[PDB]
Every structure is written in C-alpha cells, then in structure tokens.
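Q:
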Amino acid sequence: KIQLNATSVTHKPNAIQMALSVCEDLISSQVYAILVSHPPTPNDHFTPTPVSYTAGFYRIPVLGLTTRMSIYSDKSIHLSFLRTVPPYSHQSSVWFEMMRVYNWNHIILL
Amino acid sequence: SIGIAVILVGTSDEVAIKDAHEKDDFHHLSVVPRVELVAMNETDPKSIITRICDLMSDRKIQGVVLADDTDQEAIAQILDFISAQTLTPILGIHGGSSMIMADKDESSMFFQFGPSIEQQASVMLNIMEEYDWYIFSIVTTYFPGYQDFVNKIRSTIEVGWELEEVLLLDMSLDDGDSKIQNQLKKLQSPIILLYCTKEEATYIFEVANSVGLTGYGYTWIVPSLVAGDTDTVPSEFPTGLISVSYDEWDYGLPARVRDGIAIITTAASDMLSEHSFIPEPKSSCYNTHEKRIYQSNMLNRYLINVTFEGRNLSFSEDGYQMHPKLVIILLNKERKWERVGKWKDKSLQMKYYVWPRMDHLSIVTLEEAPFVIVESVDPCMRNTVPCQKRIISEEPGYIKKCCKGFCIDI
Amino acid sequence: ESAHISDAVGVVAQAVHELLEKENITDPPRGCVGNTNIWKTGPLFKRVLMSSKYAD
Amino acid sequence: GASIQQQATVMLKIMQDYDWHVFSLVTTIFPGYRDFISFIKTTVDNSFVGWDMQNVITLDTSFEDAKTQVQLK
Ligand SMILES: *[C@@H]1O[C@H](CO)[C@@H](O[C@@H]2O[C@H](CO)[C@@H](O)[C@H](O)[C@H]2NC(C)=O)[C@H](O)[C@H]1NC(C)=O
Ligand SMILES: *[C@@H]1O[C@H](CO)[C@@H](O[C@@H]2O[C@H](CO)[C@@H](O)[C@H](O)[C@H]2NC(C)=O)[C@H](O)[C@H]1NC(C)=O
Ligand SMILES: *[C@@H]1O[C@H](CO)[C@@H](O)[C@H](O)[C@H]1NC(C)=O
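Protein chains in written order, with my numbering: chain G, 230 to 339; chain V, 18 to 427; chain Z, 43 to 98; chain A, 22 to 94.
#1: Hey, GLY257/V and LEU347/V are a contact pair by Cβ (cut 8 Å); roughly how many whole angstroms apart?
#2: Closer than 5 Å from C-beta to any heavy atom of ligand 1: which residues, in chain order?
#3: Give, in chain order, every unbroken run of the alpha helix (DSSP H) that is at least 4 residues long and sits entirely within the segment 184 to 234 of chain V.
#4: Name the two residues that bound the continuous alpha helix (DSSP H) containing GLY414/V.
#5: To the nearest angstrom, report how far apart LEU292/G and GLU217/V are at their CA atoms.
#6: Grouping DSSP H, G and I as helix and E and B as strand, with all else coil, what is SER364/V?
#7: Determine contact between the segment 76 to 91 of chain A and the segment 29 to 48 of chain A, defined as no fewer than three beta-carbon pairs at a distance below 8 Å.
#8: Hey, out of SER364/V, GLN89/V, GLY358/V and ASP362/V, whose CA is closest to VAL371/V's CA?
#9: Is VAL156/V close to chain A, meaning its C-beta is less than 8 Å from at least one C-beta of that chain?
#10: For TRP324/G, name the three-state secondary structure that DSSP assigns.
#11: On the CB-based measure, 16 or more other CB atoms within 10 Å of its CB, does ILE245/G come out buried or exposed?
#12: When the distance is taken between beta carbons, is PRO277/G closer than 8 Å to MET298/G?
#13: Going along chain Z, which residues have a C-beta under 8 Å from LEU96/V?
#14: So if I threshold CB-CB distances at 8 Å, which residues from the segment 57 to 87 of chain Z count as touching chain V?
#15: Please identify, using Cβ separations under 8 Å, the residues of the segment 241 to 256 of chain G that lie next to chain Z, in order along the chain.
#16: Under a Cβ-count criterion, where at least 16 other Cβ atoms within 10 Å of its own Cβ denotes burial, should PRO271/G be classed as buried or exposed?
#17: Give the residues whose C-beta lies closer than 7 Å to at least one heavy atom of ligand 2, in chain order.
#18: Kindly indicate if chain Z contains any beta-carbon less than 8 Å away from that of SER115/V.
#19: Taking Cβ to Cβ, would you say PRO106/V is nearer than 8 Å to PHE130/V?
#20: If you follow the beta strand (DSSP E) that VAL47/A is in, where does it begin and where does it stop?
#21: Bridge partners of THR158/V, per DSSP?
#22: Does the beta-carbon of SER266/G, which I'm using as the reference point, lie nearer than 7 Å to any heavy atom of ligand 3?
#23: Taking its Cβ as the centre, do 16 or more other Cβ atoms sit within 10 Å of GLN137/V, making it buried, or is it exposed?
#24: Who are the near neighbours of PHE294/V in its chain, counting only those whose CB is closer than 8 Å to its CB and skipping five residues on each side?
#25: Residues of chain G with CB closer than 8 Å to the CB of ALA50/Z, please, in chain order.
#26: Determine the extent of the alpha helix (DSSP H) in which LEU316/V is found, giving its start and end residues.
#27: Residues of chain G with CB under 8 Å from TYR159/V, in chain order?
#28: Can you tell me whether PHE69/A is buried or exposed? The criterion is at least 16 other CB atoms within 10 Å of its CB, across all chains shown.
#29: Using DSSP bridges, identify the partner residues of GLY109/V.
#30: Just the residues with CB closer than 6 Å to a heavy atom of ligand 3, in chain order, which are they?
#31: Quick one: which chain Z residues come within Cβ less than 9 Å of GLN259/G?
#32: Look up residue 442/V in the DSSP assignment and say whether it is helix, strand or coil.
#33: Measuring CB to CB, does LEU311/G end up less than 8 Å from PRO290/G?
#34: Does the distance from the C-beta atom of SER260/V to that of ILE238/V stay below 8 Å?
#35: Which of the three DSSP states, helix, strand or coil, is assigned to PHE310/G?
Dropping the structure here:
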C-alpha cells in the first residue's frame with residue numbers, strides 16, 4: 230500500500246527566490262529525498278547548496294547527480310548531502326595507478 | 018541619518034534597551050543614526066526573511082542586529098547567507114546569534130560577539146597551568162570546528178605537558194554504544210577534555226556513567242557551547258564540571274545593543290569620511306542582484322577596527338571579536354553554575370588560591386640556607402617544588418614561590 | 043541523465059522499502075509555520091542509506 | 022594424584038626454569054582459593070628468585086565488565 234507521488238520544480242535565474250520557493254514547496258510537500266540534475270547551468274557557480282542546507286536543517290538526505298566539486302564531500306558542513314558521481318580527487322588515485330603502471334615517482338603538481 | 022534595525026525575539030527588556038539606546042556619545046561626528054526596534058518570533062527562517070525584506074524596503078536598512086534566546090546555531094548559519102547576499106551588514110550579539118559557526122562567506126558582512134576556538138583553548142590551557150595538572154586527554158565529535166581546536170592545542174603544547182590519549186567519536190552511526198564504551202577504556206589521565214554538542218554531551222555522559230569514569234577522581238572541562246544556557250541544567254552533568262562562558266552577567270543586552278549601534282555608526286562615519294562616500298544603495302528586497310552594484314569593499318575594512326573610548330571592539334577576519342571578556346563556571350553539588358574566576362588580556366585570575374576537591378597531608382617548613390632554598394617564580398622550573406607564602410597586611414593573600422634544597426630532595 | 047535518473051530513482055525506491063521494514067516511522071513537520079524541531083530519524087535514515095547495497 | 026599445593030610448586034618450578042620473574046595473580050570465587058593464596062605467599066618469601074608479584078586479581082561475580090575490567094586493565 231505504499232504510494233509514490235511525484236513533484237518537481239522548474240528553473241528561475243535568481244537564487245534567493247529560487248531557494249525560498251524550493252523550501253516552501255518542499256515543506257508543504259513533506260518530501261523524503263531531493264534530486265538536482267542541472268549539469269548545464271548558464272551560471273558557472275554550480276550552487277544547489279541552499280537546498281542541501283535547508284534539508285540539513287531537518288536532517289533530510291540529499292543525493293547529488295551532476296556537480297563533482299569536493300566542497301560537497303565535506304560532511305561537517307554538508308551534514309545531509311550525498312552524490313553518486315565521484316569528485317576529481319579519484320582522478321588522483323587514477324594517476325597514482327598510472328604511476329604504478331609506468332614507474333613514476335617524482336611529479337610536478339600545479 | 019543611517020538606518021539601523023534592531024530585532025528582538027523572546028522575552029527581553031525592550032523598554033530598557035530603548036531607553037538605553039541613546040546612551041552613546043555620537044555628537045562628535047555627523048551620523049544621527051536612525052534605529053528601529055521590532056519584535057519577532059522563532060517561527061521559521063522564511064518569516065525572518067520576510068521581516069528583514071520589509072524592514073530594508075521600508076526604512077532602507079543599512080545594518081541588522083539580531084538577538085534571541087534559543088540554543089540553535091542555525092540562526093547565524095542562515096543569517097550568513099543574508100549578510101552575503103545583501104550589501105547591508107548584519108551583527109549578532111546574544112542568544113542564538115552568538116555561537117560562532119565554521120566560517121563566514123567572502124562577501125559576508127556578519128560579525129559576532131565572542132571568542133574564537135583558539136582563544137578558548139588558550140584560556141583552558143592557562144587554567145591547567147594555574148593549578149598544576151599536566152596530564153590530560155582530548156575527545157571530540159565530528160562538529161566542523163574540531164580540527165582547529167586539536168591543532169591549536171597541539172601547537173600550543175608543542176613545562177612538562179604530557180598528552181597520552183586523543184579520541185574521535187562519530188555519533189551519526191547508531192548502535193555504537195558498546196563500541197563507545199569499549200574505546201573509552203583508553204582514557205587514563207585524571208582530566209579529560211570534550212568538544213561536542215549538548216545532546217551528544219548527554220549521550221556521552223550516559224556512556225561514562227555506564228562505565229563509571231566520572232565519579233570522584235575525574236573532572237571534565239568543556240567549551241561554551243556545551244553549557245550555553247545557565248538557567249537549564251541537563252539531567253546528569255557530573256558535579257564539578259568546569260567550563261568557560263561569555264560574560265553575560267556584567268554585560269547585559271542594552272550594553273550589547275549600544276556597542277553594536279556605536280560600531281556600526283563609527284564604521285559608517287569612517288567610510289563616509291576617509292573615502293568621503295557612504296555606500297547606501299537602493300535597499301531593494303526584490304531582485305537583490307541589481308542592488309549589489311555599489312559594493313563597499315572598504316566598509317568591512319573599516320568594520321574591523323573600532324574603539325569605543327576604552328573598549329577595543331575590533332573584529333577578526335573570520336568574523337569573531339578580538340578582545341572578548343570571559344568568565345569561568347563550576348558545577349557545585351546543587352545544579353548551578355558559580356563564578357570562580359576571570360580571564361582578560363592573557364591574564365588569569367582565580368578567586369580560590371587552591372582548587373577545592375570533590376592520602377593528602379599538608380606540610381609546613383622554613384627556609385634554611387643549604388636545605389630549603391626559596392626563590393620567585395619564572396617571570397617554577399624543573400626539579401623544584403611550588404610553595405605558597407601568605408601575606409598579611411584584607412582577604413587572605415598568597416604568593417607562589419619555588420622551593421628546593423637538600424631536605425626537599427629526600 | 044536518462045540512465046542516471048533511472049538508477050537514482052531505483053536506488054531511492056529500494057532504500058525507502060528498506061526503511062519501511064523497520065519501526066519508528068517519522069514524517070517531517072510543516073517547517074514553514076512555527077516548526078523548528080528536527081526530524082528525529084534523520085541520522086538514523088542516513089545510516090540506513092549508508093549500508094544500502096545494490097545489483098541494478 | 023596430587024593436591025593443589027604440589028601442583029602449585031611444580032608450576033613455580035616451571036616458571037623459574039624459564040626466568041619469567043614478573044607475574045600477577047587472578048583468582049575467582051571458586052572455593053579453595055585462599056589456601057592457594059597463602060601457599061603462594063609462603064613459597065615466594067623463602068625462594069632464591071625474588072619474584073615480582075603484581076596485586077592479586079579477585080573476581081566478585083560473573084564479571085559485569087564495569088568494575089572488573091578496571092582490575093583486568
Ligand atoms: C501529489 O503531488 C502534486 C504535485 O506534484 C500535488 O499537487 C499540488 O497540490 C498543491 C496543494 O493543492 C498545489 O498548491 C500545487 O500547485 C499542486 N501541484 C500540482 C502540479 O498539482 C498533489 O496535491 C499531491 N497529492 C498527494 C497524493 O498528496
Ligand atoms: C587600527 O588601526 C591603527 C592604525 O593602523 C592600528 O595601530 C597600529 O597598530 C600596529 C600594531 O600594533 C602598530 O604596529 C602601528 O604602529 C599602529 N599604528 C598606529 C598609527 O597606531 C591599530 O592597531 C588598529 N587596530 C586594530 C585592532 O585593527
Ligand atoms: C545512456 O544510457 C542509456 C540507458 O542505459 C543507454 O541506452 C544509452 O546508450 C546511453 N548513452 C549513449 C548515447 O550511449
């Protein structure tokens with residue numbers, strides 16, 4: 230008898246009114262999870278953060294989909310945020326594997 | 018004619034603050050600030066957003082002061098977003114608007130009244146220096162400000178200080194009480210230091226009472242956030258709990274309001290005099306993106322250096338104050354907090370010359386040339402023993418010296 | 043995004059069904075009007091999610 | 022067959038033959054423990070070794086692992 234009702238919200242160029250409307254609609258909806266899937270944002274900021282903070286205000290898990298910045302990896306601030314795309318730091322492990330393959334020790338990281 | 022907003026939520030003497038609002042001497046600079054006081058509730062953040070929107074749209078608010086009485090860090094956490102997204106700076110002086118979060122935004126203009134983590138660590142180490150207790154241990158949870166505290170204490174201690182146990186507890190995972198009880202067996206020093214949250218502190222005290230590591234020979238010292246409110250005492254805080262809290266007794270709400278108004282006014286005067294221009298753009302609540310054009314970029318540089326005729330109210334880069342006033346509290350047998358000592362300007366003052374306890378025998382002696390040598394403390398070193406000399410002129414005065422000799426070696 | 047959304051929704055469905063297997067069912071309040079109390083099973087539900095394992 | 026005292030003497034001989042001169046003593050509530058304690062006390066004081074003995078560990082009940090673990094540590 231478990232029922233699933235689907236609710237999604239659109240885009241607005243601003244972020245204060247976007248966050249306000251999102252918080253009001255999700256509070257009125259009593260959702261369990263939040264999904265954000267905007268890779269090609271015209272703004273290069275890549276900021277779904279206020280939704281995650283407001284969800285952490287009630288410890289509501291958030292699962293990211295697009296952004297791979299390591300700022301979301303910090304659970305001390307992002308207390309209720311997850312994602313299924315690993316950050317670029319795993320490319321560091323990939324480069325370590327490459328170093329294992331080709332026997333390279335000294336690098337010049339910039 | 019700057020516009021200053023005062024918001025009060027919870028019980029407070031609003032009439033007294035209003036009467037004491039015009040208690041500053043601002044006649045030496047043409048500022049004539051306008052202050053509006055409004056009462057609010059703790060319903061939800063969106064209500065606060067609406068209230069500040071209305072205030073800045075109507076009175077053209079160039080500065081917001083928030084005071085409350087809750088024990089939630091979310092107040093400043095969300096107020097940081099408003100302060101960053103609005104050209105008007107915001108200040109917090111009391112209640113939920115006082116606890117320092119991790120950090121403020123680069124564009125943030127929000128400041129708080131209180132000391133930093135490192136200053137509290139320094140005061141706590143001064144306390145451990147005052148009464149000769151040099152064996153300790155540190156345990157904390159995954160609150161963001163843990164690495165700062167650990168690194169600060171490690172650097173400061175890097176006198177025979179001996180740290181032998183450091184513990185990190187992750188309370189997000191449940192059913193870990195057995196693991197916590199097993200891993201608390203590593204504690205061996207008589208004194209253990211904790212850095213967690215209030216409910217987490219209660220849980221940890223439950224675990225400790227289950228393991229019985231808090232009866233007589235173990236004393237705990239905790240930061241300000243563990244206590245927070247003196248009026249309420251949690252269920253099982255062990256008697257003899259030591260902590261340092263902001264001096265909220267001799268520094269009341271009207272004083273905080275006057276200090277905030279004065280610092281805002283003098284920063285605005287400095288900005289409008291040194292640069293001859295005061296950034297007071299169109300305070301538009303709707304579509305704030307276009308209202309951020311007149312970015313000050315220097316009012317913040319004039320918001321971190323303020324003197325109030327004796328009170329150096331300068332702030333730090335992270336957002337905290339530079340010269341806080343601190344008091345120390347102790348949990349006696351009955352559930353209350355007593356006023357034990359004061360700390361100010363790297364000076365520690367203790368009312369009790371000896372810390373009372375919750376075998377031991379006192380020794381009397383006299384200085385003899387080869388056997389008992391007494392000298393003043395280092396402006397005591399190794400291989401010496403501290404000794405107390407009473408002074409009779411008032412209250413019983415003692416001065417600490419260093420005693421050694423042939424008899425002392427035996 | 044087409045396959046990513048499908049994988050995410052499937053994970054969400056199985057995680058929700060895993061949570062419904064246990065007791066202490068809690069629901070969020072209406073925080074927009076005078077609700078500052080936290081969801082009590084927040085960390086508990088996150089812990090439920092951490093141990094999730096999938097083959098789809 | 023032998024009693025507890027003869028076997029205890031044999032045990033101390035075995036310990037001496039390997040020069041393990043540091044030990045402790047753990048006893049339960051099993052009857053006959055005090056005679057063993059007294060025999061060990063009398064045997065050590067008249068020996069050529071000079072054994073290092075830690076304080077005797079005595080259990081009270083089925084260990085709650087609350088105060089018994091304090092002695093076990
Ligand atoms: C299921 O979800 C839809 C939204 O996807 C809900 O419809 C909303 O209802 C509220 C309250 O009447 C309106 O303010 C919204 O505008 C509606 N949105 C849409 C798109 O319909 C619907 O009420 C939900 N029903 C259940 C099962 O709770
Ligand atoms: C406020 O600004 C004044 C002037 O720059 C600072 O005074 C200087 O302080 C530094 C450090 O003590 C000295 O080296 C300079 O010689 C001082 N100059 C003058 C003219 O006083 C003052 O320290 C600043 N206060 C704060 C905390 O920002
Ligand atoms: C994207 O995912 C879908 C579903 O797995 C797959 O059919 C498709 O081939 C993928 N993308 C492309 C264009 O290969």
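Ideal placement from N, C-alpha and C gives every residue a C-beta, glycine not left out.
A: On the basis of the supplied data:
#1: 7 Å
#2: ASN234/G and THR236/G
#3: 194 to 200 and 215 to 228
#4: That residue, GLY414/V, is in no alpha helix (DSSP H); its beta strand (DSSP E) goes 414 to 421.
#5: 26 Å
#6: strand
#7: yes
#8: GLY358/V
#9: no
#10: helix
#11: buried
#12: no
#13: What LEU96/V touches in chain Z: nothing, since even the nearest Cβ is about 15 Å away.
#14: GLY73, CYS74, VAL75, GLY76, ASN77, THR78, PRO85 and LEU86
#15: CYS252, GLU253 and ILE256
#16: exposed
#17: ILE321/V, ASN322/V, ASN329/V, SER331/V and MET339/V
#18: no
#19: no
#20: 43 to 48
#21: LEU186/V
#22: no
#23: buried
#24: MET288
#25: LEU264, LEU292, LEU294 and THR313
#26: It is not in any alpha helix (DSSP H) - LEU316/V carries neither H nor E in the DSSP assignment.
#27: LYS304 and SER305
#28: exposed
#29: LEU83/V and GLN129/V
#30: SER44/Z and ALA45/Z
#31: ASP69, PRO70, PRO71 and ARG72
#32: Given that chain V is displayed from residue 18 to residue 427, the structure contains no residue 442/V and the question cannot be resolved.
#33: yes
#34: yes
#35: strand
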